[PDB]
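Presented as structure tokens, the chain that follows is alone, the form deposited in one PDB entry.
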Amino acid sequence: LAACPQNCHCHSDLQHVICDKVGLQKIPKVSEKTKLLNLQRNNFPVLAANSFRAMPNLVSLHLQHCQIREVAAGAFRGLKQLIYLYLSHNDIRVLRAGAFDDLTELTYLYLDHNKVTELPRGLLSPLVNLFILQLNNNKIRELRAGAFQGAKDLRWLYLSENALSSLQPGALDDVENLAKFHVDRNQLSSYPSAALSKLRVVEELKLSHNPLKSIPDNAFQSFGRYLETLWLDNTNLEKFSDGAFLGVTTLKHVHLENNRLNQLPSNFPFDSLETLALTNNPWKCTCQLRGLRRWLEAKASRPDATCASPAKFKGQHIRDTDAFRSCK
């Protein structure tokens, strides 16, 4: 009785149902053996409760570009086997708790390029298996305590190009296994110490394009034994505090380009450092920069930049200049 829907293209004996831009106004009825349902580029302004009934074997659901504005509570009830959910490129503003009920198995959730403004408590509570939460290009302004409550195994959190200006203490307490954290291109006017101080296994921290101005003491200590990649490019960075890199023991990749740095802290970790972007900084070629000098001459392929001061060595390259001869 159940066959491929009208104007749709089915594959793998009705296991894959593709309805790409076919003028749908309602969720079509599909066979119970459906495992992949692509409803991209249709029109579903409101996803009501039980919008996907009788799809117990569905593992991948694609709903991008569907002009979706609201996801009602229990919109995805029954999808106990769903692994992928794409809600990217819609007009979602309202996203309340219950919207993600029954999504016990969901591992990848894409909500990027929407109009979400907040992440209320309990919204992600059912998502105990979520690994990637892609929320880039929204309008979230603030993360508060319990914003990620229930997200037990969240590893990658994408929040690039939002309007974040505040991370409350306790905001990330629920995401202990967090490895990737992208909050570049936001409104962070200071390093969110309190929020990050609770995480221990962060490996990549992307903070580019935030007016951070400076990095405080113990900025990375909590997760200092796991931090491998750090982006601080275009953060209007004037300097690092003396204790900023306390407990950092395996940092491999750093991006500092496009800032106002003249110096580096004495405890700057060069021991595990592999790549370091440092162009477009008014570097001061004095004694305190010898550590960077010693690192650059340890492997020739490592790019460098030019000193803005002192006057004698203005414009010379860090690796070529004679500004470090009078210190040993």
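Here the rigid core means the biggest group of C-alpha atoms that line up within 1.5 Å when the two forms are laid on top of each other. Only residues modelled in both forms are compared. Note that residue numbering begins at 1 and tracks the sequence as displayed.
The discussion below concerns the form deposited in another entry, not included here.
Of the candidates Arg260, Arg302, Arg290, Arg69, the Cα that moves 2 angstroms or more after core superposition between the shown form and the other one belongs to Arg302 alone.
After superposition on the rigid core, displacement of the C-alpha of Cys10 between the shown form and the other one stays below 2 Å. Relative to this conformation, a decrease of 3 Å or more in the Cα-Cα distance between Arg302 and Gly315 is found in that other deposited form. Core-superposed comparison between the shown form and the other one places the runs of three or more consecutive residues whose CA atoms all shift by 2 angstroms or more at 12 to 14, 299 to 304, listed in sequence order.
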